[PDB]
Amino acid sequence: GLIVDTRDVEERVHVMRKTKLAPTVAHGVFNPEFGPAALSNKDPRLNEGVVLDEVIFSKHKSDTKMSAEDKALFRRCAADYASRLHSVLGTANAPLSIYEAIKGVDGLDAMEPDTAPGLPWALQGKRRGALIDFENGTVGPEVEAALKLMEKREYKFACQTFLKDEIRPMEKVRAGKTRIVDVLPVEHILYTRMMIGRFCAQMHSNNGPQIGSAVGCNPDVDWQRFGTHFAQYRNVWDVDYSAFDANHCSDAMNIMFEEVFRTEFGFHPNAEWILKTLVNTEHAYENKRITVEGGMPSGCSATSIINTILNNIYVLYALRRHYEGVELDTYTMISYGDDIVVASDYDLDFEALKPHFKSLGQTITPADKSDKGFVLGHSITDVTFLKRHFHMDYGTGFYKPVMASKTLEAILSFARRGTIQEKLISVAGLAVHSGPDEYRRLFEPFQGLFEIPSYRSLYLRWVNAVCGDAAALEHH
């Protein structure tokens, strides 16, 4: 986005500056080029001259203004994708009740009771539990009044900037490229879930190539579905964006919201309004208040879905800006936020599409840095999606999600205090697809200290998960 105003008010919004992450026994074995992100300006690991609060917002450098012709084309592409989207999902997009928005419906998880409430509740020392009853699904007097202001469309708010305590590559830790979470007020999150939660649940349930969304997928079971689909096409592209979320221009955001969330598709009129409030935002970091135009906040409800929808429209837009006669059936794609795999039987020049993505303020590069550009003839077994490769399991003939060993090693090298055992069981479900030799090697440092699931038990679990009949047929 674009930083348009910076103010210094005499009210501190104090941020966390101490990491919950600590090295594990595996850290001394794998020695990863990774570490916890810098949360303080006085972190000794930082380069001698890095100003963390400047590097945090450095992603906001532009809000690209699209021409009249480009805006018209974008609207056309947004309407065409929305047509496809709502044809598959249906038009049952009525507002969620206050109860259902908190408790969650089929395909939508419940709201977290003990997470950050946002502003101005954080300054008043209030939590989410004090403002909202998460057991009975009811709201207090404060949230009640705020919801009525949103209905009148007169509600205004500020985003609370939070440092993301996570493992990052050492080069980015040293540079101070700490990621940020834009924590929105809890009532804004609730009302967004009221406005588009039904839609959001449907997209999770109907995830796949047909809607171009993998949001709500289970890579264990869905890699077979995704893998066999993309295997049918002549060309497959692994496309990377740089600062996707930040580089969404106001024009693209506004037009998308206008075309996708129309009342004629079953939405409440305020669905479009509440999403449009994410375009021009105020951010609170300590004493400074930063006004940003364009870009997507990360703490907003349905950021993954919004980013995914934009990704789908971007591809159609760029192809239509370059080629004549492009439709939704010209290609196929799957997206999860900024992450994307594209495929076609046509030999599409993705290198030529670069300036067309630039007209949206987006920068595309091939994932693999072997070639000096995009090349044809790649298959599904060459690309990465959700940090996972597409590998064939020789035992079953099904596609399996394989994460790189260096990634798994980095994951296993750090943990939040008192969570190591629970973490190991989770990572074991990821590591099983690397094979018995690699699985054993990854969990060797933990042996005798924690319970590690056998490779066998997790393999048999996976076979039944992907195909129940195949597991039963093995007992022929």
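One-based numbering along the sequence shown.
For the pair 460-468 and 5-13, the mean Cα B-factor is higher in 5-13. Two stretches are in play, 98-106 and 307-315, and the higher mean C-alpha B-factor belongs to 98-106. Between the residues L73, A79, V143, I255, it is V143 that shows the highest Cα B-factor in the PDB record. Sorting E438, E444, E451, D53 by the CA temperature factor given in the entry leaves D53 at the top. The PDB entry assigns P169 a C-alpha temperature factor belonging to the middle third of its chain's modelled residues. Ranked by Cα temperature factor within the chain, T277 sits in the lowest third according to the deposited record. For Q160, the recorded CA B-factor ranks within the middle third of the chain. Only modelled residues enter the ranking. Sort the chain's modelled residues by C-alpha temperature factor and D182 lands in the middle third, per the entry. In the deposited entry, the Cα temperature factor of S413 sits in the bottom third of values across the chain's modelled residues.
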